[PDB]
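Just below is one structure, and these are the notes that go with it.
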Amino acid sequence: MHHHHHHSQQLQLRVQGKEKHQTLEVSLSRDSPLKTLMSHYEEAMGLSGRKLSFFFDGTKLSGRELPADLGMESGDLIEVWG
């Protein structure tokens with residue numbers, strides 16, 4: 001989450017799905033919209049085309065948000081349902 005090698009302007013985020021093995025720590029630029037993380041997760045997990053829904057703070061992500069739009073911070077978690 002906070003290892004010393006990380007660039008100080010990226011956010012480390014945990015993306016966690018329904019199974020223990022459906023998980024990924026994603027490094028996201030502050031100026032990348034969340035859709036980049038959501039696609040990244042789908043691509044890494046092999047779950048493209050499954051209509052997964054990503055939640056932060058109890059609300060569904062559209063993918064259009066920057067992390068700052070939501071008060072999302074390095075070390076936060078995004079829950080993937082489906």
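Going by the structure tokens order, chains are called A, B, ..., each with residues numbered from 1, while ligands are numbered from 1 in the order shown.
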
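DSSP annotation of chain A from backbone atoms: helix (DSSP H, G or I) residues are residues 34, 35, 36, 37, 38, 39, 40, 41, 42, 43, 44, 45, 67, 68, 69 and 70 of chain A.
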
Shell of 8 Å around range 29-42 of chain A, only C-alpha atoms, local chain residues under 4 positions omitted, as a PDB file with C-alpha atoms, in the first residue's frame:
```pdb
ATOM      1  CA  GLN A   9       1.414  11.341  -7.206  1.00  0.00           C
ATOM      2  CA  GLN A  10      -0.191   7.964  -7.844  1.00  0.00           C
ATOM      3  CA  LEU A  11      -2.860   6.362  -5.675  1.00  0.00           C
ATOM      4  CA  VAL A  15     -10.042  -3.603  -5.973  1.00  0.00           C
ATOM      5  CA  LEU A  24      -5.835  -6.508  -7.485  1.00  0.00           C
ATOM      6  CA  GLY A  46     -10.319 -12.064 -17.272  1.00  0.00           C
ATOM      7  CA  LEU A  47     -13.811 -10.791 -16.420  1.00  0.00           C
ATOM      8  CA  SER A  48     -14.535  -8.547 -19.396  1.00  0.00           C
ATOM      9  CA  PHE A  54     -17.715  -1.167  -8.963  1.00  0.00           C
ATOM     10  CA  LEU A  61     -18.806   4.272  -9.907  1.00  0.00           C
ATOM     11  CA  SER A  62     -19.673   5.600 -13.365  1.00  0.00           C
ATOM     12  CA  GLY A  63     -16.016   5.498 -14.392  1.00  0.00           C
ATOM     13  CA  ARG A  64     -16.104   9.172 -15.304  1.00  0.00           C
ATOM     14  CA  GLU A  65     -14.910  10.315 -11.875  1.00  0.00           C
ATOM     15  CA  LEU A  66     -11.398  11.340 -10.938  1.00  0.00           C
ATOM     16  CA  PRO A  67     -10.485  10.042  -7.480  1.00  0.00           C
ATOM     17  CA  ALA A  68     -10.499  13.617  -6.104  1.00  0.00           C
TER      18      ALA A  68
END
```

Residue with smallest distance to residue 72 in chain A - pool A:22, A:50, A:5, A:57, counting only C-alpha atoms
A:57

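Minimum distance to residue 7 in chain A across A:59, A:28, A:19, A:49 (counting only C-alpha atoms) occurs at A:28.
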
Name the residues of chain A that fall into strand (DSSP E or B) according to DSSP on the backbone, using the chain letters and numbers of this document, as a compact mmCIF listing (two decimals) with N, CA, C and O atoms, in the first residue's frame.
```txt
# COMPACT_ATOMS: atom_id res chain seq x y z
N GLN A 10 0.73 9.01 -7.45
CA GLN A 10 -0.19 7.96 -7.84
C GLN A 10 -0.90 7.46 -6.60
O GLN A 10 -0.38 7.59 -5.48
N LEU A 11 -2.10 6.91 -6.79
CA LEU A 11 -2.86 6.36 -5.68
C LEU A 11 -2.81 4.84 -5.77
O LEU A 11 -2.97 4.29 -6.85
N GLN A 12 -2.55 4.17 -4.65
CA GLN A 12 -2.63 2.72 -4.59
C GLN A 12 -4.03 2.38 -4.14
O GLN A 12 -4.46 2.86 -3.11
N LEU A 13 -4.73 1.58 -4.92
CA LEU A 13 -6.09 1.20 -4.57
C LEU A 13 -6.28 -0.30 -4.63
O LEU A 13 -5.75 -0.98 -5.52
N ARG A 14 -7.02 -0.84 -3.67
CA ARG A 14 -7.34 -2.25 -3.70
C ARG A 14 -8.70 -2.41 -4.33
O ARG A 14 -9.65 -1.73 -3.97
N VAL A 15 -8.79 -3.32 -5.30
CA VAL A 15 -10.04 -3.60 -5.97
C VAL A 15 -10.36 -5.05 -5.64
O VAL A 15 -9.57 -5.94 -5.95
N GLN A 16 -11.48 -5.27 -4.97
CA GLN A 16 -11.78 -6.59 -4.41
C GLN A 16 -13.13 -7.09 -4.88
O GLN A 16 -14.15 -6.44 -4.65
N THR A 23 -8.85 -10.20 -6.84
CA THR A 23 -8.34 -9.02 -6.17
C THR A 23 -7.16 -8.45 -6.94
O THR A 23 -6.46 -9.17 -7.65
N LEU A 24 -6.93 -7.15 -6.79
CA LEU A 24 -5.83 -6.51 -7.49
C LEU A 24 -5.51 -5.21 -6.78
O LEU A 24 -6.41 -4.45 -6.42
N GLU A 25 -4.23 -4.96 -6.56
CA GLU A 25 -3.80 -3.64 -6.13
C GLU A 25 -3.43 -2.84 -7.38
O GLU A 25 -2.52 -3.23 -8.13
N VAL A 26 -4.15 -1.76 -7.62
CA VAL A 26 -3.98 -0.94 -8.82
C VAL A 26 -3.33 0.39 -8.49
O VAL A 26 -3.69 1.04 -7.51
N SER A 27 -2.37 0.81 -9.31
CA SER A 27 -1.77 2.13 -9.14
C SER A 27 -2.39 3.07 -10.15
O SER A 27 -2.29 2.84 -11.36
N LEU A 28 -3.04 4.11 -9.66
CA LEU A 28 -3.82 4.98 -10.52
C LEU A 28 -3.36 6.43 -10.44
O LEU A 28 -3.24 6.99 -9.35
N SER A 29 -3.08 7.03 -11.58
CA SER A 29 -2.75 8.45 -11.62
C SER A 29 -3.91 9.29 -11.09
O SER A 29 -5.07 8.98 -11.36
N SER A 53 -20.09 -4.38 -11.44
CA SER A 53 -20.38 -3.05 -10.91
C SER A 53 -19.40 -2.71 -9.80
O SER A 53 -19.20 -3.50 -8.88
N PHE A 54 -18.76 -1.55 -9.91
CA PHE A 54 -17.72 -1.17 -8.96
C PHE A 54 -18.27 -0.12 -8.01
O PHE A 54 -18.89 0.85 -8.45
N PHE A 55 -18.03 -0.32 -6.72
CA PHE A 55 -18.58 0.57 -5.69
C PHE A 55 -17.49 1.22 -4.85
O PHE A 55 -16.49 0.58 -4.49
N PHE A 56 -17.71 2.48 -4.51
CA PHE A 56 -16.85 3.17 -3.56
C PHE A 56 -17.73 3.94 -2.60
O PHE A 56 -18.65 4.63 -3.03
N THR A 59 -21.52 3.68 -3.14
CA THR A 59 -22.16 4.20 -4.36
C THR A 59 -21.45 3.69 -5.61
O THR A 59 -20.22 3.61 -5.64
N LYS A 60 -22.22 3.34 -6.63
CA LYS A 60 -21.67 2.81 -7.87
C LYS A 60 -20.83 3.84 -8.62
O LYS A 60 -21.23 5.00 -8.77
N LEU A 77 -10.42 1.33 -0.85
CA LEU A 77 -10.82 0.08 -1.46
C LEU A 77 -12.07 0.26 -2.31
O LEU A 77 -12.99 1.00 -1.96
N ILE A 78 -12.08 -0.42 -3.45
CA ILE A 78 -13.21 -0.40 -4.36
C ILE A 78 -13.75 -1.82 -4.39
O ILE A 78 -12.99 -2.76 -4.60
N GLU A 79 -15.05 -1.97 -4.14
CA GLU A 79 -15.69 -3.29 -4.07
C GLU A 79 -16.31 -3.59 -5.44
O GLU A 79 -16.99 -2.74 -5.99
N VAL A 80 -16.06 -4.78 -5.97
CA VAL A 80 -16.62 -5.17 -7.27
C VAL A 80 -17.69 -6.22 -7.05
O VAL A 80 -17.40 -7.28 -6.50
N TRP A 81 -18.91 -5.92 -7.47
CA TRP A 81 -20.03 -6.85 -7.31
C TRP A 81 -20.37 -7.52 -8.63
O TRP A 81 -20.39 -6.86 -9.68
```

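Of the residues under consideration (A:82, A:21, A:2, A:74), A:82 shows the shortest atom-to-atom contact distance to residue 52 in chain A when counting only C-alpha atoms.
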